[PDB]
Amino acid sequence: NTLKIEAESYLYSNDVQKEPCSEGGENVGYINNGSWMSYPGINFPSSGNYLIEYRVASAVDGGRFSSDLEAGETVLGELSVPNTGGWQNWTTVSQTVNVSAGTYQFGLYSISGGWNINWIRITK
């Protein structure tokens, strides 16, 4: 089963802005070093390995972000954003990580800015 979280649906954020996305809806853009977004109430119904996909774009090299649960109580890992050659040239990167069942605040934190994100998809 899959859960799709629209990236623009965050409850809290720092130093980002929403913009119309070429794939419909909105994406988060104007992401800098130290920008972040937080999504409450993300349910992982079983304990085990999940695929977490990120629909991202960048016209530059080096965009990088970390994902975490509960404000860094559990770090899930870090994602590099490819240089897809345009701000609306989208691609899907992923991480495979182990989470125990629960409902968590899910956080994305920009280590190196210059990347956009459309959505997050979680699959077990």
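Numbers follow the displayed sequence, beginning with 1.
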item: Mean temperature factor over C-alpha atoms, higher-scoring stretch between 42-50 and 75-83; value: 42-50
item: 112-120 versus 96-104 - greater average Cα B-factor per the deposited record; value: 96-104
item: Highest recorded Cα temperature factor - choice among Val28, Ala57, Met37, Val60; value: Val60
item: Chain-wide C-alpha B factor ranking for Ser13, given as lowest, middle or highest third; value: middle
item: Chain-relative CA temperature factor third for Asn33; value: highest
